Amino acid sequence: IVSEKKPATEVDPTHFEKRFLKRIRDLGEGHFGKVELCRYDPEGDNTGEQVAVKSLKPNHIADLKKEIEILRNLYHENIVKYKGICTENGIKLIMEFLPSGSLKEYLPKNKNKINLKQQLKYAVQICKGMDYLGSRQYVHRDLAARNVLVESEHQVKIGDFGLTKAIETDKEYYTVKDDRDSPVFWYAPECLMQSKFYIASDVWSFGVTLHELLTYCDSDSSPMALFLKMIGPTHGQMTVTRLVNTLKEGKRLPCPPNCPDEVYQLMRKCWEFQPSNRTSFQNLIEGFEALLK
């Protein structure tokens, strides 16, 4: 009786079996799906490694697959490490688990531990990861303090790439078609007006991320809370056009409390109305380093 001979099974370390991936809790609820803390426990004794698992809620599978392929080929100390995948056409993205979470979770609870010097070092690391992303012709489109993971007191990593798009060679921007649900209070005017995304658009979002970092991610002084005070919080569908109008008028987020003018000036260089007039990530690194020593 016939039976197929089995060759030597080259066991894949980036392949995680669904049966061993055991859910612990929810970490976040992103744009398209969910992120959960799991323990890959093949020995079934609660000793397995803790991993961050990104999946979809039951179309948008194409976006997750493209996000997986982007992260798989990113290698930088300030970019969350890709660990692998869990296959079914359904797919799950496995990433390293950073128990400190994002700056949004970490900063309000560790104010006494993080001084201005440490805040400027995080800013340098965010810029380096962002510059590495830009050099590989990519636009992040979701740079906020909530997407900056804390590895330790001395190291941060860009931890989510759900909205990352590639900029075509011999082209300066990407045109978004699905601009819902956009983080409008973090976006540059060209993103809000014409739905165009340049590298300079990410520099604008960095300025906003830097403002959050300096305010230790306090909810009351958040970019959304502050801009809604400037434009009005009861405009509904007229919020974005009022936001564009306010930015055109020259109005920008105020100086964070206890932030020196020289840091605020670097932040202002990120907020030039025209993308071509904005500072680069490399000029920001230079700027922060100069203030460090």
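For every residue, the number given is its place in the sequence shown, counted from 1. Definition used throughout: the rigid core is the maximal C-alpha set that superposes within 1.5 Å between two forms.
Which segment is farther from the shown form on average in 9 other deposited structures of this protein after a rigid core fit, 125-133 or 173-181, going by CA atoms? Once the core is superposed, the stretch further away in 9 other deposited structures of this protein is 173-181.
Greater root mean square CA deviation, 62-70 compared with 30-38 in 9 other deposited structures of this protein, core aligned: Farther from the shown form on average in 9 other deposited structures of this protein: 30-38.
For residue 88, record whether it is unmodelled in at least a third of the other compared entries of this protein. Yes, left without coordinates in at least a third.
Unresolved deposited residues in the interval that joins residue 88 and residue 89: According to the record, 1 to 3 deposited residues lack coordinates from residue 88 to residue 89.
Size class of the missing deposited segment between residue 250 and residue 251: In the record, the chain runs straight from residue 250 to residue 251 with none unmodelled.
Of 138-146 and 180-188, the stretch whose C-alpha atoms average the higher B-factor in the entry: Higher mean C-alpha B-factor: 180-188.
Compare the mean C-alpha B-factor of 189-197 with that of 93-101 as given in the PDB entry, and name the stretch with the higher value. It is 189-197.
Going by the deposited entry, which of 220, 172, 212, 77 has the highest CA temperature factor? By C-alpha B-factor in the record, 172 ranks first.
Could you say whether, by C-alpha temperature factor, residue 263 belongs to the lowest, middle or highest third of its chain? For residue 263, whose C-alpha B-factor we compare with every modelled residue in the chain, the answer is the middle third.
Just say lowest, middle or highest third for the CA B-factor of residue 120 relative to the other modelled residues in its chain. For residue 120, whose C-alpha B-factor we compare with every modelled residue in the chain, the answer is the lowest third.
Could you look up the Cα B-factor of residue 241 in the entry and say which third of the chain it sits in: lowest, middle or highest? Middle third of the chain for residue 241's C-alpha B-factor.
Residue 35, C-alpha B-factor rank within chain (lowest, middle or highest third): CA B-factor rank for residue 35: middle third.
Within this chain, which third does the Cα B-factor at residue 62 fall in: lowest, middle or highest? Its C-alpha B-factor, which the entry lists for residue 62, ranks in the highest third among residues of this chain.
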